Amino acid sequence: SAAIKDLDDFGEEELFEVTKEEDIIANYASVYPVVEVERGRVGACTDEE
Amino acid sequence: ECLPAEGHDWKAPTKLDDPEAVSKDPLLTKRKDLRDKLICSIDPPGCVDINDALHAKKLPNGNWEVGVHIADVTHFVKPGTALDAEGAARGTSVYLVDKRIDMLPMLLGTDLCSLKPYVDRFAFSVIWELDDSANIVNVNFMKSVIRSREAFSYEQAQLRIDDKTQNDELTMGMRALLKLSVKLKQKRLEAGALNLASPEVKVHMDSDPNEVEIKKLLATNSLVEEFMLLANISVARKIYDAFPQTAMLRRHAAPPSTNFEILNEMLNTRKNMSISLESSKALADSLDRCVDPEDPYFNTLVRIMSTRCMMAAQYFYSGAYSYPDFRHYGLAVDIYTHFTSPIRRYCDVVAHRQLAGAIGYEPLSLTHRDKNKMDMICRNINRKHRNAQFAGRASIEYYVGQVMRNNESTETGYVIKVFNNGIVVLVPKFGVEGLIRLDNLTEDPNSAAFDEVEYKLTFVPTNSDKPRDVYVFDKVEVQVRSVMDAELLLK
Amino acid sequence: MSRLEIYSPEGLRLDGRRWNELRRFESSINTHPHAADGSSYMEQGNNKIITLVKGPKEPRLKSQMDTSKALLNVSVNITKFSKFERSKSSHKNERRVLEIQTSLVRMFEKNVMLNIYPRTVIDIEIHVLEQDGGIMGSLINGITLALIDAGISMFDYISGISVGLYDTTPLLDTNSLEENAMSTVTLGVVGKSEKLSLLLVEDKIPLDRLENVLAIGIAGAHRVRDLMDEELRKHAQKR
Amino acid sequence: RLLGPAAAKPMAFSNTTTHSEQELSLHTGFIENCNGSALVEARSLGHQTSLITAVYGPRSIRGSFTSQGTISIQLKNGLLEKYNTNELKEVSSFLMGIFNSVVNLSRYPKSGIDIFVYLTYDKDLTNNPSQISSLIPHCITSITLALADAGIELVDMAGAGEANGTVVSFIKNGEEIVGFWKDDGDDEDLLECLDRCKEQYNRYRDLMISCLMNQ
Amino acid sequence: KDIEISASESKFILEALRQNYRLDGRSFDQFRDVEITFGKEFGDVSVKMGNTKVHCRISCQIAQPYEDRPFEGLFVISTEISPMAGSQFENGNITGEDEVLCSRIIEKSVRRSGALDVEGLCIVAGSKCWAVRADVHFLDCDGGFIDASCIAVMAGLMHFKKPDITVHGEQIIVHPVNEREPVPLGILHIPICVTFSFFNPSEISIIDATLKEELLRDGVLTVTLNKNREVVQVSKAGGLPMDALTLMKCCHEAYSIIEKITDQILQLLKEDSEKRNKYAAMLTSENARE
Amino acid sequence: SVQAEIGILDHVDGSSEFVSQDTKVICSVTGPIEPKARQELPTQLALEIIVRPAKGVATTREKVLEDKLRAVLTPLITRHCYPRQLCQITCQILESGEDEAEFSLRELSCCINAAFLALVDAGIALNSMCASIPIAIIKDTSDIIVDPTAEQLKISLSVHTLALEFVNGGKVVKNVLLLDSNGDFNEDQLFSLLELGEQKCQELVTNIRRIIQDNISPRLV
RNA sequence: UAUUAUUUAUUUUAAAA
RNA sequence: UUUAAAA
């Protein structure tokens with residue numbers, strides 16, 4: 001919890017609410033996929049993967 | 001982007017009914033043009049942040065029209081903005097020796113909000129009506145426009161009042177404020193108010209520091225003080241009448257007998273005196289009867305030592321305490337708040353917004369009706385209040401320490417507490433405390449003896465063969481030496 | 001160990017030596033006759049280094065063939081057990097090895113007559129079994145002695161020595177504890193001359209103090225050349 | 001992105017919160033990228049195994065002048081029961097030592113054969129706590145299927161079986177051994193290991209020809 | 001895929017050196033005129049000295065300290081070279097000799113030699129610390145790669161600012177850069193690299209060789225000093241063998257260069273600070289009394 | 001308004017620098033040069049597209065940025081008149097001008113404009129001209145905006161990158177090279193911004209034509 | 001068939017008449 | 001966990 005609410009200060013909290021800009025996509029997460037297209041080759045990850 | 005775009009060019013409108021003026025500020029119609037009042041300012045010499053300004057005019061029916069005028073800071077510092085948040089976090093302005101930390105930018109505190117003379121300035125006026133006994137007949141609160149005629153200092157105001165070749169309307173108004181302040185202070189001391197002393201000194205700069213100067217008091221210092229007290233009392237009653245759940249007030253708890261326990265044991269078994277604890281008036285009257293015939297300063301010493309035994313004043317909102325808990329022990333008033341300093345203190349900023357809601361000037365912000373937010377605000381400004389006091393006492397104590405090593409001399413002082421291996425000496429010349437360890441006090445600390453009941457420490461002084469007994473409340477003489485490879489000794 | 005005296009007023013260091021005394025220097029030649037053309041087991045103090053020279057030989061692939069000189073490849077293998085704590089392989093630790101290997105190749109490619117051996121390659125395989133400070137200087141001594149064993153023609157000796165500067169006192173052949181407490185300079189002196197083929201300063205040293213450190217550095221390196229030279233005399237006369 | 005946050009830890013399941021016959025299924029020819037495909041599945045007791053094998057060959061090696069062919073077998077983890085990469089390559093070298101004695105190498109000069117085995121699912125349903133020995137026989141049968149589907153000459157069929165960590169691969173109806181693998185196990189036992197694996201080898205030797213002659 | 005130097009071009013440049021002539025018109029001890037340009041965000045610096053152009057980019061993030069030093073912050077640097085600075089560079093060649101040596105020298109100068117205050121980068125000992133990263137982009141290669149890169153990194157670190165942190169008991173809150181203004185890093189001393197190029201027809205040494213002079217070079221020496229008369233780092237390996245007298249002459253000549261370059265970075269930072277703080281005279285909180 | 005320069009780098013055939021809002025991209029082009037064995041094309045020109053981030057190493061994010069930038073420049077180059085040759089197009093992102101962890105359209109759009117200008121400075125045979133702009137729509141008031149700021153991206157429902165192909169004096173839109181859209185939108189919003197984008201790219205090439213002409217004309221005779 | 005050869009050249013004896 | 005006033 002790295003929120004300024006835990007400082008228990010009204011001044012710093014009001015300054016945070018005024019200066020904070022909206023970030024719509026910040027409230028969403030995503031998956032970390034690992035693609036493995038078997039094409040009969042060896043080596044590192046293909047540009048396709 | 002919160003400050004006014006005009007900057008230094010911001011001016012108060014000459015016609016409050018101007019259509020262009022009211023189009024930008026619709027609340028201008030609810031403002032009382034008081035620029036015909038001969039208002040003056042009394043602040044320390046070389047002051048750029050003027051919060052208060054007084055005026056006095058004799059009504060035709062024998063009474064006086066006394067009115068204090070406070071900077072209309074809440075006209076520029078609006079809630080919900082970064083300017084309000086920056087001032088709420090700072091809580092107050094810290095006043096060190098060399099530097100000074102402001103709560104608000106200098107555009108407001110020095111130019112636009114400060115009640116500068118010869119310029120039209122917005123203000124929050126509190127108009128009274130006093131008789132020949134300094135009794136309030138009726139009080140009225142209003143936002144106004146003023147133009148200060150003069151901006152005297154304390155020394156300049158004391159001269160013009162005592163001057164005999166000036167008898168204009170403004171000068172005669174300053175005569176009435178002096179005769180009304182002594183009558184307000186008279187009934188306050190009879191109500192049980194205290195009279196404590198504070199070692200408040202200020203050093204001068206060009207190196208940089210050279211010497212320390214004790215600040216003398218003037219009759220004008222009490223002139224402004226009694227009306228600043230009267231202004232806060234009237235506003236406290238007003239803002240509590242309108243918002244009894246979230247009124248920004250200040251209280252002072254009664255001191256427990258535990259605080260004055262050790263102090264009375266010292267005065268009884270060394271000076272044969274005591275301090276009454278029945279009521280606040282009994283405590284104040286006992287300090288007046290607590291004086292030494294040989295040391296006129298000893299009376300002020302007891303008043304200083306009893307100040308450390310006093311409870312700490314507290315900011316609070318009215319919804320968290322019953323009305324009998326609003327009592328202020330030190331001022332002996334039923335209810336009190338801070339209002340006459342919105343440039344310095346943030347508590348006064350909340351008082352201005354609440355006072356503007358009682359008059360109907362503008363609706364009170366919802367944040368000042370929230371018990372949760374008001375409780376947090378009160379804790380913060382309380383913490384920032386003590387920190388601002390501890391910062392000033394430490395800056396005066398450090399910058400006077402540079403005067404100890406860079407200016408060797410001998411100064412007289414009084415001891416305030418004795419230990420088994422050290423003495424604490426208070427010096428009125430500098431208003432600071434000094435610890436003298438036993439190792440730096442004698443050549444043989446093993447042959448010393450400490451008597452806890454009589455508060456004395458017997459030791460063989462350095463460069464001396466006769467033992468000296470040092471009791472508490474002794475008028476000793478200390479020196480200053482530089483042993484580094486700053487220090488105070490005992491002459 | 002613990003809090004120690006680096007250079008006592010009695011002129012004694014933490015390991016007993018003095019300001020101009022080297023660690024014990026035990027070198028060996030022809031230690032791997034059936035695995036390389038040149039072998040040198042370098043034991044300088046607690047440092048234990050195995051240097052193997054394989055060449056000059058035909059390159060495995062013609063992609064690394066020079067028609068006018070030989071190619072010099074130096075491979076430094078720092079074992080996991082060279083220190084007290086068994087170090088785990090770090091991605092950052094690989095960069096420091098490449099800098100050492102390149103500094104060694106550029107150092108000996110100028111002193112080894114590569115023109116005499118055209119269309120060939122000279123592989124230098126190094127294994128550090130234990131390190132205790134001054135490892136860079138000891139790596140140089142192992143390469144010089146291993147190249148001589150392989151009969152590779154060189155212009156002169158290349159002596160490696162490490163010098164530390166503590167306050168105002170320079171110290172020869174710094175060990176691990178001394179490197180952790182002072183600045184260290186490694187030198188590559190060519191033979192009995194005062195010419196440097198390598199100069200690595202990896203810590204801050206005052207400019208007015210660097211002149212004297214180099215003088216005592218090239219001097220102590222001449223002593224290292226003598227210790228290496230004498231080992232070749234004894235190994236040649238007894239065989 | 002990939003890998004994800006470094007501060008995250010994998011899920012931990014606690015063991016204290018709430019509480020003859022070896023089935024086989026064979027298929028071949030279903031990957032268009034390679035020449036010969038295979039899919040073997042086996043589910044006995046609380047251990048289910050399902051792996052896929054693909055054969056890409058023979059591939060003409062440019063500039064090569066070898067007399068016989070070169071076999072390249074590579075095991076690759078799938079999605080469940082991940083083994084360490086060192087042990088996978090150990091089984092790969094063991095498998096290459098088997099098919100180099102089975103695949104007609106002299107019939108492929110200047111060319112190589114690349115094998116790809118994907119341990120896509122190795123389920124294990126034991127109640128409460130080398131595990132790779134139970135998959136070596138299933139991998140040998142999968143490669144022989146994909147090698148036969150790829151038109152590659154194989155001197156006789158090759159199969160194997162497990163006998164408490166003991167894996168033995170037979171040839172010529174069990175007349176000659178082509179591979180030996182044994183982890184953990186006990187002592188003295190050897191005659192019963194070669195017997196239990198040989199009967200399991202004949203069970204796989206004819207079942208591979210079943211799906212290879214149909215479809 | 002390499003640069004071809006004709007025999008006549010090699011002979012002309014060397015003979016010109018024997019006659020105290022450089023094609024660009026500088027002296028043998030003359031450093032190229034450096035030009036520092038700052039971007040919008042903090043830690044964005046572009047260095048131009050001659051036709052050589054390099055661009056640096058500083059960043060930081062919370063990271064785990066080394067268990068050997070739980071009270072120090074980390075410092076990362078990458079000096080990969082793209083084909084943009086010249087088609088002789090292969091993209092993805094991270095282990096090249098130029099890339100490794102450039103990173104190691106700036107790493108020793110900044111991190112090891114105490115130029116960056118790594119102890120000030122400590123948030124929570126043994127758990128939380130700042131990992132200041134320096135990305136170097138080789139835009140145009142006309143020699144002096146590590147010399148320009150060291151000026152870019154040192155200018156970026158002094159221009160970079162990290163988010164603010166408040167200590168509240170056992171809690172630690174990172175203020176967003178939109179609320180509170182970021183805090184600058186701690187820069188003890190300013191190391192500047194100077195590379196010497198040696199030739200032999202009695203040897204000739206030139207300061208900050210161009211790309212053409214760099215290819216005809218017989219030996220290279222890199223020194224790193226600060227205005228405090230301290231030798232931050234020295235790197236010399238192979239080439240023409242030199243003695244202590246020639247080195248000390250290189251160090252004394254380099255000190256005259258690094259001292260002037262140091263004053264320029266300090267001046268160009270002051271000018272950039274005032275450009276982006278126009279209304280800073282009104283926002284001052286700590287002010288003098290009267 | 002956008003800023004752009006040409007011929008800034010020395011040791012390459014053609015260079016450029018494109019700036020939009022706060023996004024800065026320096027691109028360099030070298031070709032035709034000798035290709036590698038794994039790069040040569042028997043009949044046409046081979047391209048080597050490289051984009052490098054402003055911070056950190058090149059991740060998989062820049063790999064899809066290369067693949068999109070490649071799909072735009074490939075039909076824009078007359079590859080067949082350079083058989084068995086190579087062209088190295090390298091884009092260096094100086095400042096991202098956007099949140100790298102969330103958006104990458106402002107950098108893709110600038111790399112397209114920087115690569116096209118660098119291809120002009122290099123002298124590669126181009127079939128036509130090109131312009132690229134970023135497009136976004138705001139959540140509260142679903143308004144289409146062209147070249148959105150970094151703050152507007154964090155308050156947008158969908159982001160778009162439009163790359164067009166211009167012929168004949170920069171008036172005829174020959175084709176739509178790239179239209180990359182991510183977020184929330186329907187068929188009506190697509191053609192609404194596509195029509196709006198076609199006239200904002202149309203004034204971009206008109207300004208790009210002026211930029212490159214002010215630089216190439218003093219060079220020639 | 002080394003006074004022979006390697007084509008984006010792995011040749012490492014091209015000298016004499 | 002130093003009363004009050006002006007800074």
# chains A, B, ... in the order shown; residues from 1 in each chain; ligands from 1

$ interface_residues --of "chain F" --to "chain A" --cutoff "9 Å" --atoms "only C-alpha atoms" --output "MDAnalysis selection string"
chainID F and resid 60 63:64 102 151 153:157

$ interface_residues --of "chain A" --to "chain E" --cutoff "8 Å" --atoms "only C-alpha atoms" --output "mmCIF file with C-alpha atoms, in the first residue's frame"
data_model
loop_
_atom_site.group_PDB
_atom_site.id
_atom_site.type_symbol
_atom_site.label_atom_id
_atom_site.label_comp_id
_atom_site.auth_asym_id
_atom_site.auth_seq_id
_atom_site.Cartn_x
_atom_site.Cartn_y
_atom_site.Cartn_z
ATOM 1 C CA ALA A 2 2.050 2.903 -1.376
ATOM 2 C CA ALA A 3 -0.931 5.275 -1.201
ATOM 3 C CA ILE A 4 -0.757 8.777 0.262
ATOM 4 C CA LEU A 7 0.157 9.478 5.535
ATOM 5 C CA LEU A 15 -2.877 17.759 -3.483
ATOM 6 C CA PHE A 16 -2.882 14.154 -4.715
ATOM 7 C CA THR A 19 -2.982 16.573 -9.505
ATOM 8 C CA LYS A 20 -3.976 12.962 -10.234
#

$ select_by_dssp --residues "region 3-226 of chain C" --states "helix (DSSP H, G or I)" --output "VMD selection string"
chain C and resid 62 to 64 93 to 111 114 to 116 135 to 149 176 to 179 207 to 226

$ closest_residue --among "D:204, D:13, D:65, D:181" --to "residue 110 (chain D)" --atoms "only C-alpha atoms"
D:65

$ residues_around --residues "residue 202 (chain C)" --least-positions-apart "4" --cutoff "8 Å" --atoms "only C-alpha atoms (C1' of nucleotides)" --output "MDAnalysis selection string"
(chainID C and resid 183:185) or (chainID E and resid 108 112:113 232:234)

$ atom_distance --atom1 "CA of residue 473 (chain B)" --atom2 "CA of residue 392 (chain B)"
26.1 Å

$ atom_distance --atom1 "CA of residue 124 (chain E)" --atom2 "CA of residue 182 (chain E)"
18.8 Å

$ residues_around --residues "residue 176 (chain F)" --least-positions-apart "6" --cutoff "7 Å" --atoms "only C-alpha atoms (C1' of nucleotides)" --output "MDAnalysis selection string"
chainID F and resid 163:165

$ select_by_dssp --residues "chain D" --states "strand (DSSP E or B)" --output "number ranges by chain"
D: 23-27, 36-44, 47-60, 70-77, 103, 111-124, 154, 159-163, 166-171, 176-182

$ atom_distance --atom1 "CA of residue 248 (chain E)" --atom2 "CA of residue 213 (chain E)"
22.8 Å

$ residues_around --residues "region 6-9 of chain F" --least-positions-apart "3" --cutoff "8 Å" --atoms "only C-alpha atoms (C1' of nucleotides)" --output "PyMOL selection string"
(chain E and resi 139-140) or (chain F and resi 12+14-17+28+117-118+121+212+215)

$ write_last_selection --atoms "C-alpha atoms" --output "compact mmCIF listing (two decimals), in the first residue's frame"
# COMPACT_ATOMS: atom_id res chain seq x y z
CA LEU E 139 23.68 8.03 -33.35
CA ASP E 140 26.66 8.89 -35.59
CA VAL F 12 24.46 6.91 -43.61
CA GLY F 14 19.76 9.12 -45.77
CA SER F 15 18.62 10.38 -42.37
CA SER F 16 15.68 12.27 -40.89
CA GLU F 17 14.18 13.43 -37.60
CA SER F 28 18.50 6.46 -40.85
CA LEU F 117 11.52 11.18 -45.04
CA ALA F 118 14.76 9.23 -44.58
CA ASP F 121 16.85 11.66 -48.43
CA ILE F 212 11.48 18.11 -48.03
CA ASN F 215 15.88 21.08 -48.08

$ residues_around --residues "residue 25 (chain C)" --least-positions-apart "5" --cutoff "9 Å" --atoms "only C-alpha atoms (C1' of nucleotides)" --output "NGL selection string"
:C and (42-45 or 224 or 227-228)

$ write_last_selection --atoms "N, CA and C atoms" --output "PDB file, in the first residue's frame"
ATOM      1  N   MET C  42      50.542 -21.632 -12.577  1.00  0.00           N
ATOM      2  CA  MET C  42      50.932 -20.433 -11.847  1.00  0.00           C
ATOM      3  C   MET C  42      50.349 -20.485 -10.441  1.00  0.00           C
ATOM      4  N   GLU C  43      51.219 -20.403  -9.436  1.00  0.00           N
ATOM      5  CA  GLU C  43      50.810 -20.362  -8.033  1.00  0.00           C
ATOM      6  C   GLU C  43      51.487 -19.149  -7.402  1.00  0.00           C
ATOM      7  N   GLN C  44      50.769 -18.030  -7.374  1.00  0.00           N
ATOM      8  CA  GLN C  44      51.268 -16.769  -6.831  1.00  0.00           C
ATOM      9  C   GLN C  44      50.446 -16.450  -5.588  1.00  0.00           C
ATOM     10  N   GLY C  45      51.037 -16.672  -4.419  1.00  0.00           N
ATOM     11  CA  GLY C  45      50.274 -16.549  -3.189  1.00  0.00           C
ATOM     12  C   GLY C  45      49.257 -17.669  -3.109  1.00  0.00           C
ATOM     13  N   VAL C 224      59.489 -10.008 -10.625  1.00  0.00           N
ATOM     14  CA  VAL C 224      58.638 -11.105 -11.079  1.00  0.00           C
ATOM     15  C   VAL C 224      59.237 -11.766 -12.313  1.00  0.00           C
ATOM     16  N   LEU C 227      61.940 -14.173 -11.153  1.00  0.00           N
ATOM     17  CA  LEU C 227      61.389 -15.416 -10.626  1.00  0.00           C
ATOM     18  C   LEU C 227      60.911 -16.329 -11.750  1.00  0.00           C
ATOM     19  N   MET C 228      60.325 -15.751 -12.801  1.00  0.00           N
ATOM     20  CA  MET C 228      59.913 -16.557 -13.946  1.00  0.00           C
ATOM     21  C   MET C 228      61.118 -17.013 -14.758  1.00  0.00           C
TER      22      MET C 228
END
